[PDB]
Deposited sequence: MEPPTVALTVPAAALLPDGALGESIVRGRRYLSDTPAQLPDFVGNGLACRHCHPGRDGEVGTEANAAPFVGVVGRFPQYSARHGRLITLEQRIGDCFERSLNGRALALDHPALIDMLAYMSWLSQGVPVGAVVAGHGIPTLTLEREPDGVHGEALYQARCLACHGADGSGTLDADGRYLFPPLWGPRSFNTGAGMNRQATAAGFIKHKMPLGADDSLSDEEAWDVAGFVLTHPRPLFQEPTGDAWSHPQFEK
């Protein structure tokens, strides 16, 4: 692999590319408000692809975008063929954001691509960045939703709510995003898979057993059908 580094915002170029990158950051950070026609729930991309210092997609094991551009096109089993990064983004609009894919030449999509390309600056095409994706966590027993409920009350509820509906900020963006219900990701999202949710929770915060069980509890709840 190659190491994950984040480029310096102060070194963004003047001109069309720089402006595009800045818009791309905003689309990824503030998606429901910036792209209402395409977002069907309360989630922004940053809610599963966090970053520090206002950036999005810069954290190891939380599916960083650093280095993503050089890994596409790639095979997708759901499509049964190679897909582009633009298509992958559309899939997450449809699934994680319970919405509608942007046209493949939509200016907002291109800005998001520009931003991801900026994050990927210096990464060799084809190279894998350390910390890419969300590593799965799989245990050799069923997740215990009863244990998970107790864990949720003790470790998660204060932020994500008794009803999993999250906490809004003063500007109507989710400070703490919804984990289930009509404003959360739909059943088509990767986060709806036990081992992915467990892995995400494990790394973004728990023991392996606790992460496994609390993920199980979270995933017992209704959410929109894809």
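Student: Can you list the gaps, in order, where the deposited sequence has no modelled residues?
Tutor: No coordinates exist for the deposited residues in 1 to 4, 210 to 216, 238 to 252, so these stretches are absent from the model.
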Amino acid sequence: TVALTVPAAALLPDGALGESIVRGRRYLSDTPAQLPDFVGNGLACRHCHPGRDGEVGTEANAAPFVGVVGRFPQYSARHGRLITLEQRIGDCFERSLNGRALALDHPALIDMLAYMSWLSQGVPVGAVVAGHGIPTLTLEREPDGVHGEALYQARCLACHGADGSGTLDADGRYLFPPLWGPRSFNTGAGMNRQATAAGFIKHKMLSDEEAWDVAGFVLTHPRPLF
From here on, numbers count along this sequence of modelled residues.
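Student: Which has higher Cα B-factors on average according to the PDB entry: 23 to 31 or 47 to 55?
Tutor: According to the PDB entry, the answer is 47 to 55.
Student: Could you check which stretch, 138 to 146 or 81 to 89, carries the larger mean CA temperature factor in the entry?
Tutor: 138 to 146 has the higher mean C-alpha B-factor.
Student: Quiz for you: based on the deposited Cα B-factor, which of 179, 162, 68, 191 is highest?
Tutor: Highest C-alpha B-factor among the listed residues goes to 162.
Student: Have a look at 199, 166, 172, 64 and flag the one whose Cα has the highest B-factor in the entry.
Tutor: Of the options given, 172 has the highest CA B-factor in the PDB entry.
Student: Residue 211's Cα B-factor: lowest, middle or highest third of the chain?
Tutor: Middle third.
Student: For residue 129, return the chain-relative third of its C-alpha B-factor as stated in the PDB record: lowest, middle or highest.
Tutor: It falls in the middle third of the chain.
Student: What third of the chain does residue 101 rank in for C-alpha temperature factor, lowest, middle or highest?
Tutor: It falls in the middle third of the chain.
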